[PDB]
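Here the structure comes first, spelled out in structure tokens, and everything after it is commentary.
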Number of protein chains: 2
Amino acid sequence: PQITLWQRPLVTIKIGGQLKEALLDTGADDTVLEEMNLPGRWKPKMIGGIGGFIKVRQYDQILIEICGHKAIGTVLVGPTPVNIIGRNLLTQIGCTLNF
Amino acid sequence: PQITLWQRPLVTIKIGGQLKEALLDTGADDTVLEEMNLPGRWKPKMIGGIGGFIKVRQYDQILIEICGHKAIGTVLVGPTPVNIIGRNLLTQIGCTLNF
Ligand SMILES: COc1ccc(CN[C@@H](C(=O)N[C@H](C(=O)NCc2ccc(OC)cc2O)C(C)C)[C@H](O)[C@H](Cc2ccccc2)NC(=O)[C@@H](NC(=O)OCc2ccccc2)C(C)(C)C)cc1
């Protein structure tokens, strides 16, 4: 779809049997989601944004149905205000920035 | 231009006689520029991001030439680690997301 940016670019995802709503973020190198129940092994990791750093659980190799498109990658779960899809999955679903 | 997301979507801007590089960010509602010399009257403000809030100064109707395209908006200067062009200027230069 073509998304124009007058409103936040939100899109529905299905992760872990679960229906979520996430923000399509080109200035996010990483995918970070609010605390949720996810099956598996996780590593601790820390990431920065403006304001500073949060600790997150890097889950590796999680399938995500991003707007009907399946992708598999590293998903970080942690105490974010909004669910963020970062360029590690945006390149998977073929997303480009156009102006 | 069409920009893919294999690397950070960086672009050159010219703000106030100064040449800089900024991150074209759909997940940013606002444009926050690293500390710099802007002429003007600013108001304080606090913006939020993932690791907390920071205090930034709001300077309104600042011309920015983003990749040769001119736009005039509200720019916040403050302690960001990266310069960020957010959806308040991205919609101005005609930027859309596509997949
Ligand atoms: C509601 O709050 C939100 C809304 C969205 C987010 C998601 N992130 C964005 C971001 O912070 N957006 C800000 C925003 O729109 N916030 C809404 C907002 C809320 C309240 C408000 O009050 C008036 C004003 C506002 O504008 C703008 C201002 C930068 C940007 O996409 C933001 C831009 C940036 C880039 C690099 C370094 C620092 C900042 N991106 C990041 O924070 C991303 N950071 C980044 O990619 O580096 C990651 C990393 C570091 C170290 C080791 C491993 C990885 C990431 C953490 C999401 C992956 C977080 C919180």
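By convention in this document, the chains of the structure tokens carry letters A, B, ... by their order, each chain's residues are numbered from 1, and ligands are numbered from 1 in the order they are shown.
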Quick one: residues within 9 Å of ligand 1, with only C-alpha atoms and all ligand atoms, as a PyMOL selection string?
-> (chain A and resi 8+23-32+45-54+80-87) or (chain B and resi 8+23+25-32+45-53+76+80-87)
According to DSSP computed on the backbone, where in chain B is there alpha helix (DSSP H)? Give the residues as a PDB file with C-alpha atoms, in the first residue's frame.
```pdb
ATOM      1  CA  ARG B  87       6.405  13.594   9.795  1.00  0.00           C
ATOM      2  CA  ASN B  88       5.818  17.313  10.208  1.00  0.00           C
ATOM      3  CA  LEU B  89       8.307  18.060   7.432  1.00  0.00           C
ATOM      4  CA  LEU B  90       8.170  14.665   5.584  1.00  0.00           C
TER       5      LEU B  90
END
```
With a distance cut-off of 7 Å and only C-alpha atoms, select the neighbouring residues of residue 4 in chain B, excluding the residue or stretch itself and same-chain residues fewer than 2 positions from it, and output the selection as a list in words.
->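 So the residues in contact are residues 95, 96 and 97 of chain A; 2 and 6 of chain B.
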Neighbours of residue 70 in chain A within 12 Å (only C-alpha atoms; same-chain residues fewer than 5 positions away dropped), as a list in words?
-> residues 13, 14, 15, 62, 63, 64, 65, 89, 90, 91, 92, 93 and 94 of chain A
Coordinates-based distance that separates CA of residue 37 in chain B from CA of residue 59 in chain B (Å, one decimal) |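 According to the coordinates, CA of residue 59 in chain B and CA of residue 37 in chain B are separated by 11.4 Å.
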